[PDB]
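*Asks:* Below you'll find the sequence and an experimental structure to go with it.
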Amino acid sequence: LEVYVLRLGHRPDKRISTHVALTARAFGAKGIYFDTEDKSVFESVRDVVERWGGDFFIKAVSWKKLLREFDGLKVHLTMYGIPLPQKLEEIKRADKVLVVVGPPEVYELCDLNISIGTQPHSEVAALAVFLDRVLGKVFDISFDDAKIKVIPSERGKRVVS
Amino acid sequence: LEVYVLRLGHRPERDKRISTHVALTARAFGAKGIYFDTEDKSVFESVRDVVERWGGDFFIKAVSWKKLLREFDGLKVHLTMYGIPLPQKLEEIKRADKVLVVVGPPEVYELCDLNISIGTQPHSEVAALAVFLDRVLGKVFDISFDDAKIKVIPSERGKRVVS
């Protein structure tokens, strides 16, 4: 099961968008699609892939085009949607998932509209929980490519280069 | 298990959106309230507006961060990528009765009882917070306020709301 993120609606939003993309990466996503660059965010994210490893991508595309040709299950994280645990078994059954995080037709074009509780909060939080429950990787993730690794400790900041 | 957040390092010129995200995540996922090492009247009004309308008694208040740590009556948990993976400390955390989780000065690492990582890659303090509260409290899908002026009713394709 491969997961991809669609980031709709960014507007120069520079710090939340990088947060979304680095969350996507940290949590097991293969890459992230944007409905507009913005070269600040693209660089920030490309810097981390280089220092910290792997081949997570980030690229601008036509968001409606992407939603229309993918190619696997399409999921929209929205406060107004169906709680995740109700659809999880069906989401896990997919081979490829496009998860969309923010436009009326997004609700129509996506296969499922899913909520991470029904309170207002963060698309960064919504995504963190989705990918944690869906991929189960955040704790096991590492990259052999990496030039900076963390080794966990009780109260230090231990890094390998 | 009641959980408080302490948000360190907010810069009014910069951090308004993320700090609002952090606070609202604290509330959505079951934390009792959040402390900031500085007001920021503007972020506080956003949060308070949300509590007024969406319900409950989640607070936001400014403190001196050192004083609050030094005199927090419970387990102080600091969320950092340099920390011990939450799975190894999770039962210890859950056994406590009050938890202060710290989201971002080196003395923090010495002042907190535990330093905890949500994975060892750089991501987001909102994401770290989200996953922490979801695993620790397990409340995000069960949380609702009967006293609320506004409530969402989940739908397959729509935006439905009781007011």
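*Replies:* Yep, that arrived. Numbering: from 1, shown residues only, chains lettered A, B, ... in the order given.
*Asks:* Would you check that residue A:87 makes contact with residue A:112?
*Replies:* Yes - counting by Cβ atoms under 8 Å, residue A:87 touches residue A:112, with 5.6 Å between them. C-beta here means a position set from N, CA and C on the backbone, and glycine is covered the same way.
*Asks:* More neighbours: which of these two?
*Replies:* Shown here are residue A:87 and residue A:112; by other Cβ atoms under 10 Å in any protein chain shown, residue A:112 has more neighbours (21 against 18).
*Asks:* mind listing what the more buried one touches?
*Replies:* Applying Cβ atoms under 8 Å, 6 or more residues apart in numbering or on different chains, we find residue A:112 in contact with A:73, A:74, A:75, A:76, A:81, A:82, A:87, A:90, A:91, B:156.
*Asks:* Can you tell me which of these end up in helices?
*Replies:* When DSSP state H is applied, the contacts of residue A:112 are split such that A:87, A:90, A:91 fall in helices.
*Asks:* burial measure for residue A:98, as a count.
*Replies:* 22.
*Asks:* wait, isn't it in contact with residue A:69?
*Replies:* No - in this structure residue A:98 lies outside contact range of residue A:69 using Cβ under 8 Å: 10.1 Å.
*Asks:* which residues does residue A:68 contact?
*Replies:* Per Cβ under 8 Å, 6+ apart, neighbours of residue A:68: residue A:109.
*Asks:* wait, what's in contact with the residue nearest to the spatial centre of chain A?
*Replies:* When Cα atoms, centre = their mean is applied to chain A, the residue found nearest the centroid is residue A:24 (3.1 Å). Contact partners of residue A:24, counting by Cβ under 8 Å, 6+ apart, are A:5, A:31, A:32, A:56, A:127, A:131.
*Asks:* Which ones, among the residues you listed, also lie beside chain B?
*Replies:* Under the cut-off given by Cβ under 8 Å from any Cβ of the partner chain, chain B has residue A:127 from these close to it.
*Asks:* circling back: pick the one among the ones in helices among the contacts of residue A:112 closest to chain B.
*Replies:* residue A:87 (9.8 Å; Cβ to the nearest Cβ).
*Asks:* Start from the N-terminal end of chain A and give the strands.
*Replies:* Counting by DSSP state E, one finds strands in chain A at the ranges A:2-7, A:31-34, A:57-60, A:73-83, A:96-101, A:112-115, A:149-151, A:158-160.
*Asks:* what residues does the first one touch?
*Replies:* For strand A:2-7, the surrounding residues in contact (Cβ under 8 Å, 6+ apart) are A:17, A:20-21, A:24, A:28-35, A:63, A:66-67, A:70, A:72, A:95-101, A:127, A:131, A:134-135.
*Asks:* from these, which would you call buried?
*Replies:* A:17, A:20-21, A:24, A:28-35, A:63, A:66-67, A:70, A:97-101, A:127, A:131, A:134-135 (16 or more other Cβ atoms under 10 Å in any protein chain shown).
*Asks:* Is it possible to mark the buried ones in the contacts of residue A:112?
*Replies:* By 16+ other Cβ under 10 Å, those give A:73, A:74, A:75, A:76, A:81, A:82, A:87, A:91 as buried.
*Asks:* Residue A:130 is in contact with residue A:84, correct?
*Replies:* Yes - at 6.6 Å, residue A:84 and residue A:130 qualify as touching, with contact defined as Cβ under 8 Å.
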